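The structure under discussion appears below in the form of structure tokens.
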Amino acid sequence: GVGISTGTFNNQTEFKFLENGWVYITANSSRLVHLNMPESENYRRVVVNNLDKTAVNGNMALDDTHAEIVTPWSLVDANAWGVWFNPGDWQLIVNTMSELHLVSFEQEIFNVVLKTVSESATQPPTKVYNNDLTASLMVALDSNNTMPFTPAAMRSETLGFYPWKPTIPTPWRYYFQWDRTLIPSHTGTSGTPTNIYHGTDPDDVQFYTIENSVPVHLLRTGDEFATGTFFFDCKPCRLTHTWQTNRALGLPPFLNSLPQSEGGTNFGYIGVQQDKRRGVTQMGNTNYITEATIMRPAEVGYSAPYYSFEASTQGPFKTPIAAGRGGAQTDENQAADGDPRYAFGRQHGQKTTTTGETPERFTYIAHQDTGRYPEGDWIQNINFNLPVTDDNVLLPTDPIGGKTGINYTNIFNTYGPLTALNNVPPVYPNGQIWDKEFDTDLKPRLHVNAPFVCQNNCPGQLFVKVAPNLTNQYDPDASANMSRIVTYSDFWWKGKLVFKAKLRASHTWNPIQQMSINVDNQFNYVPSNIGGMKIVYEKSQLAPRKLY
Amino acid sequence: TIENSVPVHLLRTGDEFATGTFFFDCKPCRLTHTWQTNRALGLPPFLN
Ligand SMILES: [Mg+2]
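So the protein sequences, as listed, match chains A and B.
Position one of the first sequence corresponds to residue 296 (this note's numbering), numbered consecutively onward.
Position one of the second sequence corresponds to residue 540 (this note's numbering), numbered consecutively onward.
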């Protein structure tokens with residue numbers, strides 16, 4: 296009832312160790328949540344159109360043009376690592392365990408409070424807040440995944456990463472169909488390249504409402520709402536990186552000449568003429584057998600177009616890349632490897648004391664050496680007459696289609712039935728955790744935003760909304776504004792995400808990469824003179840594996 | 540040659556030839572189209 300709590304705060308992370316090194320990580324999470332009434336109690340179809348920026352020519356990539364259905368609902372998304380682990384937890388996981396399964400997920404809403412502002416009372420004149428005991432908070436759980444999946448992790452719009460700091464949902468909203476053409480161009484191009492928004496393909500219209508699709512629960516102060524326990528089924532995500540590229544697969548060539556003093560240029564030598572060597576290559580012509588020529592069982596990684604943009608009905612979009620890392624010592628083609636870049640604000644990692652609207656950012660460079668360094672690519676002529684003539688080789692230097700800044704690698708693609716890959720490593724703390732699978736008849740071998748993908752069915756989305764708190768003035772037949780009592784709600788959210796992981800083991804003489812602090816580093820894990828605080832980007836697949 | 544590979548039945552007026560019932564198993568073919576391209580996947584950006 297009124298003065299009786301309906302739940303328990305728990306942001307505790309339990310590690311229950313079992314036999315044969317299986318661990319049972321139960322991450323509990325709780326937050327205090329704030330939510331105001333909708334700007335209007337209506338659904339809206341809104342179109343965004345920036346000809347302002349696209350008409351510029353050479354500015355195609357700055358397209359934002361789209362259509363959208365505005366909901367009076369807010370979305371409680373907790374799909375991001377920061378909601379479930381602090382750095383310490385993350386340290387433990389990443390340093391000691393070899394893989395990670397996603398087991399179960401449950402959540403509840405409790406200790407609901409609804410208060411009305413209203414208002415004016417009196418002289419300066421000040422504001423005053425009262426409890427509306429009889430008021431209701433609307434909660435709806437889409438357990439059928441009836442409605443479009445809109446993971447908030449892409450927009451850094453999940454719940455807060457701090458337990459002792461309150462948080463908010465985000466106004467929910469989803470994509471509505473629109474036709475759209477935009478032809479590319481450059482600064483030099485004159486005339487106006489066609490740049491139009493055609494409208495809406497009626498065959499593709501889907502207008503969704505919570506009200507017609509999901510049962511809605513009314514919660515008063517004394518009520519509570521809990522979902523069941525959802526059980527996952529997905530592959531494991533591994534917490535080790537692989538380091539071998541093709542150049543280190545299999546048996547290294549026998550050295551007939553070993554060095555006889557230590558030092559920095561005391562190399563060893565194969566000691567056989569490159570054309571009198573034994574072994575296997577896929578070059579029918581030469582008898583040359585070199586490390587760049589010798590057969591390898593397959594191909595680690597693949598080359599992709601960059602910055603490639605492709606277009607269909609609704610406009611242009613970047614072509615996504617799987618692999619990475621590809622560069623050697625501190626130099627990687629952060630576009631060729633499609634290395635991701637995360638932008639976020641205070642609630643999700645940036646220093647909470649920082650003023651100004653400019654977000655904090657970082658670019659995740661994986662540890663797994665499976666990407667490409669397109670500067671180092673090339674193509675020789677069939678004849679392999681070498682040292683190779685300029686006419687018989689195509690370099691990443693030689694311009695294509697008469698453009699100075701373009702070479703073949705920009706349109707190159709060596710994906711194929713010998714391509715080998717790893718899945719994306721988890722990005723702590725801003726990374727998504729799980730993602731729904733596409734409802735296409737054929738599916739992607741992975742996703743780039745999350746390591747766990749539900750081909751099963753994913754947990755349903757949770758939607759909240761403050762109940763219409765009407766005044767005595769109400770005429771629905773009238774076009775005039777809905778006059779509503781200004782109302783808002785505070786509620787507590789508790790979630791439990793259960794993982795099952797497996798402990799790693801030492802197989803080498805040498806020790807390995809692991810997190811720690813560090814006389815550097817040390818100050819990102821504590822608050823400040825004021826109320827702190829900061830959460831920092833921090834890798835995941837620290838320990839080496841073994842491809843072959 | 541048909542002849543060396545398949546049993547051949549000779550049918551006169553009063554004869555008939557019937558096959559068994561063959562049972563398939565393949566994945567389902569869907570009678571719905573998908574409309575979303577990359578430009579429409581997930582959470583649209585918040586409008587201020
Ligand atoms: Mg490396």
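No residue lacks a Cβ here, since even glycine has one placed at the ideal position from N, Cα and C.
Inset, instruction - Would you please verify whether the beta carbon of B:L582 is less than 7 Å from any beta carbon of chain A? - result: Locating residue 582 of chain B in the second sequence gives position 43, where the first residue counts as 1. Closer than 7 Å: yes.
Legend entry - Euclidean distance between Cα positions of A:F679 and A:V743: Here residue 679 of chain A refers to the residue found at position 384 when the first sequence is read from its first residue. Here residue 743 of chain A refers to the residue found at position 448 when the first sequence is read from its first residue. Approximately 38 Å, taken between the alpha carbons.
Legend entry - Inter-residue spacing [alpha-carbon to alpha-carbon] between A:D437 and A:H662: Against the first sequence, residue 437 of chain A aligns to sequence position 142. Against the first sequence, residue 662 of chain A aligns to sequence position 367. A:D437 and A:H662: Cα-Cα distance of roughly 37 Å.
Legend entry - Identity of the residues DSSP links to A:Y469 by a beta bridge: Counting from one through the first sequence, the residue named residue 469 of chain A turns up at place 174. In DSSP, A:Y469 forms a bridge with A:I364.
Inset, instruction - Using a threshold of 7 Å, state whether the C-beta atoms of A:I320 and A:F794 are closer than that. - result: For the purposes of this step, residue 320 of chain A is taken as the residue at position 25 of the first sequence. For the purposes of this step, residue 794 of chain A is taken as the residue at position 499 of the first sequence. Yes, Cβ-Cβ distance for A:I320 and A:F794 is below 7 Å.
Legend entry - beta-carbon A:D626 near ligand 1 non-hydrogen atom, thresh 6 Å: The residue given as residue 626 of chain A occupies position 331 in the first sequence. No, the Cβ of A:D626 stays beyond 6 Å of every heavy atom of ligand 1.
Legend entry - Best match in A:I825, A:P464 and A:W459 for proximity to A:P333 [C-alpha to C-alpha]: Residue mapping note: residue 333 of chain A aligns to position 38 of the first sequence, counting from 1. Put simply, of A:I825, A:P464 and A:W459 the residue whose alpha carbon is nearest the alpha carbon of A:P333 is A:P464.
Legend entry - C-beta neighbour in chain A for B:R578, strict 7 Å: Working through the second sequence from its first residue, we reach residue 578 of chain B at position 39. It does: the Cβ of B:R578 has a partner Cβ on chain A nearer than 7 Å.
Legend entry - heavy atom of ligand 3 below 6 Å from A:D664 C-beta: Ligands present in the displayed structure are limited to ligand 1, and ligand 3 is not among them.
Legend entry - Near-chain B residues of the region 445 to 472 of chain A (beta-carbon distance less than 9 Å), N- to C-terminal order: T445, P446, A447, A448, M449, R450, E452, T465, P466, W467, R468, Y469, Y470, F471 and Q472
Legend entry - Beta-carbon proximity list for residue 849 of chain A, same chain, < 7 Å, skipping 5 on both sides: With chain A represented from 296 up to 843, any question about residue 849 of chain A goes unanswered, as that position is not in the structure.
Inset, instruction - Tell me whether the beta-carbon of B:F556 lies closer than 7 Å to the beta-carbon of B:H548. - result: Reading the second sequence from its first residue, position 17 is the one you call residue 556 of chain B. Reading the second sequence from its first residue, position 9 is the one you call residue 548 of chain B. The answer is yes: Cβ separation under 7 Å.
Legend entry - Between the CA atoms of A:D359 and A:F612 - distance to the nearest angstrom: Position 317 of the first sequence, counted from the first residue, corresponds to residue 612 of chain A. Position 64 of the first sequence, counted from the first residue, corresponds to residue 359 of chain A. Across the structure, A:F612 and A:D359 are spaced so that their CA atoms are roughly 10 Å apart.
Inset, instruction - Please confirm if A:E363 has its CB atom under 7 Å from at least one CB of chain B. - result: Counting from one through the first sequence, the residue named residue 363 of chain A turns up at place 68. Closer than 7 Å: yes.
Legend entry - Residues of the region 488 to 515 of chain A whose Cβ lies closer than 9 Å to any Cβ of chain B, in chain order: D496, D498, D499, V500 and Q501
Inset, instruction - Measure how close the beta-carbons of A:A373 and A:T453 come, nearest whole angstrom, since I'm counting them as under 8 Å. - result: Looking up residue 373 of chain A in the first sequence gives position 78. Looking up residue 453 of chain A in the first sequence gives position 158. Right, their Cβ atoms sit about 6 Å apart.
Inset, instruction - Can you give me the start and stop residues for the beta strand (DSSP E) that A:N406 sits inside? - result: The residue labelled residue 406 of chain A in the question sits at position 111 within the first sequence. A:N406 -> beta strand (DSSP E) spans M392 to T411.
Legend entry - Beta carbon of A:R515 nearer than 7 Å to that of A:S431: Your numbering for residue 515 of chain A matches position 220 in the first sequence. Your numbering for residue 431 of chain A matches position 136 in the first sequence. Against a cut-off of 7 Å, the Cβ pair of A:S431 and A:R515 comes out as a contact.
Legend entry - Neighbouring residues, chain A, relative to B:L570 (Cβ below 9 Å): Within the second sequence, residue 570 of chain B is the residue found at index 31, counting from 1. Residues of chain A passing the Cβ test: none, with the nearest at roughly 12 Å.
Inset, instruction - Count the other C-beta atoms from every protein chain shown that fall within 10 angstroms of the C-beta of A:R468, then say buried if there are 16 or more, exposed otherwise. - result: Sequence index remark: in the first sequence, residue 468 of chain A carries index 173 (1-based). By the 10 Å Cβ count, A:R468 comes out buried.
Inset, instruction - Tell me residue 588 of chain B's beta-bridge partners as DSSP assigns them. - result: The structure shown does not extend to residue 588 of chain B, since chain B is modelled only from 540 to 587, so the question has no answer here.
Legend entry - A:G697 and A:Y668 closer than 7 Å at C-beta: Numbered from 1 along the first sequence, position 402 holds the residue referred to as residue 697 of chain A. Numbered from 1 along the first sequence, position 373 holds the residue referred to as residue 668 of chain A. Not a contact, by the Cβ cut-off of 7 Å.
Inset, instruction - Say whether the region 614 to 632 of chain A touches the region 565 to 584 of chain A, bearing in mind that this needs 3 or more beta-carbon pairs closer than 8 Å, one atom from each stretch. - result: Touching, no, given that fewer than three Cβ pairs across the two stretches are closer than 8 Å.
Legend entry - Start and end residues, beta strand (DSSP E) containing A:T349: By one-based count along the first sequence, residue 349 of chain A stands at place 54. Where A:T349 is concerned, there is no enclosing beta strand (DSSP E), although the alpha helix (DSSP H) it sits in stretches over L346 to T349.
Inset, instruction - Using DSSP bridges, identify the partner residues of A:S784. - result: The count along the first sequence starts at 1 and reaches residue 784 of chain A at position 489. According to DSSP, A:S784 bridges with A:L330 and A:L409.
Legend entry - Own chain partners of A:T585 with C-beta closer than 7 Å, once the 5 adjacent residues on each side are dropped: If you number the first sequence from 1, residue 585 of chain A lands on position 290. Excluding residues within five positions, the ones whose Cβ falls inside 7 Å are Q569.
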